[PDB]
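Here the structure is laid out as structure tokens; the discussion comes afterwards.
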Amino acid sequence: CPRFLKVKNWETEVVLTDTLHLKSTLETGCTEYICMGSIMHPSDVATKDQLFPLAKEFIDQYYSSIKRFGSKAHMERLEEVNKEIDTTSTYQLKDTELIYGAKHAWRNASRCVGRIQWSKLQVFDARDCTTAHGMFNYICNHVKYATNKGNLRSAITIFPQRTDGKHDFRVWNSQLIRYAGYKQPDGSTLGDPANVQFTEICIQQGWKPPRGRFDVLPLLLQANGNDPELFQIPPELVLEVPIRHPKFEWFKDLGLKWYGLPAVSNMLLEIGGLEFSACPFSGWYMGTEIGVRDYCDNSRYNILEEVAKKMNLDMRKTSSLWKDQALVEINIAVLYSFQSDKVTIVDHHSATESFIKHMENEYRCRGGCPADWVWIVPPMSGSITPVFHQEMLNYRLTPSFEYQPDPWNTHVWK
Amino acid sequence: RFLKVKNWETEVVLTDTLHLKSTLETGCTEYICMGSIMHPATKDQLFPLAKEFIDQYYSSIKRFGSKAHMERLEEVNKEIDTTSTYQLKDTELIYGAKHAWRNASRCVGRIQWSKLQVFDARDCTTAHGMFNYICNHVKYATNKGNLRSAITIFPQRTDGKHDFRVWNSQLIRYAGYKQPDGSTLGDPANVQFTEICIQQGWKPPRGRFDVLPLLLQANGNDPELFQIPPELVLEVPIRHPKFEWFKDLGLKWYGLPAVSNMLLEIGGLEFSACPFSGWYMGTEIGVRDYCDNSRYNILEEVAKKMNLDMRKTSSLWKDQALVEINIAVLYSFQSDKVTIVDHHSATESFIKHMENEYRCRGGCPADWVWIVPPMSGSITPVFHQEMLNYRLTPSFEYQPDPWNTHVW
Ligand code: HEM
Ligand code: HEM
Ligand SMILES: CCOc1ccc(-c2ccc3c(C)cc(N)nc3c2)cc1CN
Ligand SMILES: CCOc1ccc(-c2ccc3c(C)cc(N)nc3c2)cc1CN
Ligand SMILES: C[C@H](O)[C@H](O)[C@H]1CNc2nc(N)[nH]c(=O)c2N1
Ligand SMILES: C[C@H](O)[C@H](O)[C@H]1CNc2nc(N)[nH]c(=O)c2N1
Ligand SMILES: [Zn+2]
């Protein structure tokens, strides 16, 4: 690499200079001769000697941020951690470092358009948790807090870190709140097709399914390497929104609703070499996540045709753009419904405008902002949002959120 | 290693081996991805490039290592020695131009790549001659609405002071004017070019859709102005199948998309004038040309006549207006029997093209950022299609705008 890299916005001609990319850590999958920018996931513990430089890197960074770099406290903190690694093969983050790391993993999340909010994250320290019941307790408190009767607040709950890899804490759910999917014998799918596999695991562990279209899944929670356990989220904690349209009376007749709180629970949080395998986090929805993907993906709820039929569109040509017309109304309904019920939501125009402002500010104050164009650009109306025209650099900074294998493919059953 | 690409909607997985044959750089590194950056020889360097190309050509016709193959190499070697350059056989030129299209990672239309009419204009010596070839091209490609893919190839670069250039970015494009009050009349993307043409003697009608003159440079001389015979320029008035008031907007567009400012690289040879043309995907006009902020910017006006709530962005009034404009564009072209393709059919075809290419070639370079349409992305099949991007040659390359380089 060279020291400086420029990016240009083709709509406004603004040019930004990236220096932060020099602090890049892991690989991207790309080389000089091939780019993997549209590959979803490009490509057991760590040793003592693997861990010293990783912890030091994070500690320096942290003390650099609080304007105390090379201080007495900095050096004493380093001495402490180095001994702890030497005598236990791991170490413990202070409460302040854990909070710094969690906020910075969000800040460094190149596929997140919502990062203008990164510094307003409520961090719940759950490192004292020992059992699955305890996890359930922590998670209920998270959901209630974050939901806040519609006034959603971003939060993250962090469970104890990996030790030897045989005592992992995991949320088996991919999100804290999701709807169930039931593969029918006739090949059809009732509910959310994305969650069919997880639903079956839940039923096997003893879940009694209502077998409806929008059944909130049970939490499946694993503590300290033990077999996972099922708990029902109290229903009064799950905020939902029926979907209606500001002009089409019949839209309520489709019987659609969604949950208010998006809370991913299957990713891994990496801070200074430590691996927090259970770290559910939540913010609020962008309209299209629900309106476009969850509702109109062919392999999700796939309602485009049924909506188009009631709109009385011509559906035999594709050049009538009947799909495109229905899609827009669907997203109008979603936004209308959330707004009317005073539940926090952002439309893709507002969110993308905010990200550009956020990204410019990060370039001035931080020397860059990793961003994944393929993910940052919304799934509809791409070129009429300002991110479409913005050049972006992608690279991996630490602390960070990573993907991790599904726990059922790994778990050694007790 | 072999690499896999998965379509997440159909779960189809293809295996890429073609990338191993790639030789040009992409712009990325192991640490930084530049997938969304728009723009990331002497005797000595020339023969290996020449040899590589001739090798792959004779490979393509199943005569690799033949007598003809060796003799061709010897011929190209001796010619590079004695002249510092070499000339391509007619067949090599046609193979070359088709494969530059085939390798064009940003092009969603490559299912058509081997159906390409190639006009060899390498005997051309003057701007007038260029004008001639270009009119013949436009007439052939337009074909009274039944558009036919073509490219016209002018003489290759030599010492770099005798370049052939088409100064237009496209053969047919509308003028753009800087108004006294600051606004722009017409296409803002062409305001600078329009000013260069007026500086050179062009008398502008100063309307919203004025077809620009050709500005042709031959052998490195000052460019010259030419008027395309108006009977060769096919245009479509844009009207809407439900909204009768839409014609009142007075929008039109030209039928023939003909990019003329790029460089064709074959076997180490640089062709700096090589205008090529196909037909439009609707969104190119109905999303980008009409609704970009820096373009004609008509969303607001259309949403007015649709009488939508334009106070909040969360009414998605822009999105609604946008779909209607693209309905109008498709509807108008089809009613005028002018070849056009909607982004659903075109992305569907590309997925099928990928399938064929992985089968017969062991891969297909594709730029996901450019292949996904600028509206309704995830309801087209390419959104969910993983792609590998890498640079194969022959290729189309960007080159600097001529006015930054030329000395008059
Ligand atoms: C508060 C408002 C937020 C908004 C509007 C928002 C928006 C989004 C969207 C739209 C995506 C892409 C999801 C998709 O299309 O599939 C995304 C990705 C992501 N976000 Fe945010 N998000 C928010 C909060 C957060 C928070 C609080 C965190 C972490 C503390 C976070 C971390 C991430 C990560 C790690 C991804 C990438 C997920 C992946 O790799 O699949 N986000 N965000
Ligand atoms: C026949 C119908 C064709 C269709 C529907 C088509 C479609 C497209 C589209 C939609 C783009 C993206 C343009 C943009 O969004 O700005 C594109 C780019 C491109 N097309 Fe095709 N194309 C066709 C024919 C051709 C031909 C005949 C050639 C050359 C022989 C060609 C070479 C290219 C190249 C090199 C690009 C990339 C432009 C760049 O890198 O700046 N296309 N095409
Ligand atoms: C393609 C499926 O993969 C994802 C898709 C979306 C997200 C994700 C993750 C976090 C979010 C958050 C925190 C807020 C929000 N509005 N949307 C979010 C979306 C995560 C993942 C990772 N499993
Ligand atoms: C800054 C954007 O640059 C481009 C974008 C698109 C194209 C292009 C090039 C050829 C096309 C062809 C041949 C057909 C078609 N329908 N669209 C085409 C579009 C060229 C260029 C290069 N001037
Ligand atoms: C193939 C492609 O990489 C994949 O479908 C991506 C494209 N961009 C995306 N962008 C967002 N925000 N979310 C996604 O799930 C995806 N999916
Ligand atoms: C920043 C980004 O690379 C740039 O705006 C690209 C994005 N994708 C595109 N895709 C197409 N087909 N045409 C374009 O001009 C662009 N512009
Ligand atoms: Zn890359």
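Excluded from the calculations below are hydrogen atoms, water molecules and symmetry mates; all remaining heavy atoms, backbone and side chain alike, are included. The chains referred to below are lettered A, B, ... by the order of the sequence lines, with proteins before strands, and numbering in each begins at 1.
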**Report entry** Under 4.5 Å from any heavy atom of chain A - which part of B:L322
**Finding:** side chain

Query raised in the report: Does the A:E11 side chain pair with the main chain of B:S294, one donor and one acceptor, at a distance under 3.5 Å?
Result: no

Query raised in the report: What part of B:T283 gets closer than 4.5 Å to chain A, counting heavy atoms only: side chain, backbone, both or neither?
Result: neither

Query raised in the report: Side chain, backbone, both or neither: which part of B:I340 has a non-hydrogen atom closer than 4.5 Å to chain A?
Result: neither

Query raised in the report: Given that the side chain runs from C-beta out, which part of A:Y33 has a heavy atom under 4.5 Å from chain B: side chain, backbone, both or neither?
Result: both

Report summary line: Applying a strict 4.5 Å limit to non-hydrogen atoms, the region of A:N331 in contact with chain B is both

Query - Shortest non-hydrogen contact from B:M387 toward A:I39 - result: O-CD1, 4.2 Å

Query raised in the report: Tell me, do A:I34 and B:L3 make a side-chain contact under 4.5 Å, heavy atoms counted?
Result: yes

Report summary line: Okay, A:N394 and chain B: the region with an atom under 4.5 Å from a heavy atom over there is both

Query raised in the report: Can you tell me how far NE2 of A:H21 sits from OG1 of B:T29, rounded to the nearest 0.5 angstrom?
Result: 8.5 Å

Query raised in the report: Side-chain contact, heavy-atom cut-off 4.5 Å: A:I332 with B:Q320?
Result: yes

Report summary line: From the list B:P241, B:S314, B:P365, B:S22, the residue making the most non-hydrogen contacts under 4.5 Å with chain A is B:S314

**Report entry** Under 4.5 Å from a heavy atom of chain B, the part of A:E353 involved
**Finding:** neither

Query raised in the report: Of the backbone (N, CA, C, O) and the side chain (C-beta and beyond), which part of B:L330 lies under 4.5 Å from a heavy atom of chain A, both, or neither?
Result: side chain

Query raised in the report: Pick from A:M36, A:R396, A:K6, A:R293: which one has the most heavy-atom pairs with chain B under 4.5 Å?
Result: A:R293

Query raised in the report: Is it the side chain or the backbone of A:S110 that comes within 4.5 Å of chain B heavy atoms, both, or neither?
Result: neither

Query raised in the report: A:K8 versus chain B, heavy atoms under 4.5 Å apart: side chain, backbone, both or neither?
Result: neither

Query raised in the report: Pick from A:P378, A:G382, A:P386: which one has the most heavy-atom pairs with chain B under 4.5 Å?
Result: A:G382

Report summary line: So, the part of A:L321 with a heavy atom under 4.5 Å from chain B: the answer is both

Query - Heavy-atom proximity to chain A below 4.5 Å, by part of B:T23 - result: backbone

Query raised in the report: Do A:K323 and B:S376 have side chains that get closer than 4.5 Å, going by heavy atoms?
Result: no

Report summary line: Ranked by heavy-atom pairs below 4.5 Å to chain B, first place among A:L26, A:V7, A:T12 goes to A:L26

**Report entry** Euclidean distance, A:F388 CZ relative to B:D292 CG, rounded to 0.5 Å
**Finding:** 8.0 Å

Query - Min side-chain heavy-atom separation B:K312-A:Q339 under 4.5 Å - result: no

**Report entry** Nearest-0.5 Å distance that lies between atom OG in A:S383 and atom CZ in B:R295
**Finding:** 11.5 Å

Query raised in the report: Checking side chain to side chain contact (heavy atoms under 4.5 Å, CB included) for the pair A:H349/B:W317: CA distance, chi angles, key distance, verdict?
Result: CA-CA 11 Å; A:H349 304 293; B:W317 63 269; over 6 Å; no

**Report entry** B:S36 side, atom OG; A:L393 side, atom CG - distance, nearest 0.5 Å
**Finding:** 7.5 Å

Query raised in the report: Would a distance-only check, ignoring hydrogens and angles, find a side-chain to backbone donor-acceptor pair under 3.5 Å from A:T28 to B:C33?
Result: no

**Report entry** Distance-only donor-acceptor check, side chains B:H384 and A:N298, under 3.5 Å
**Finding:** no

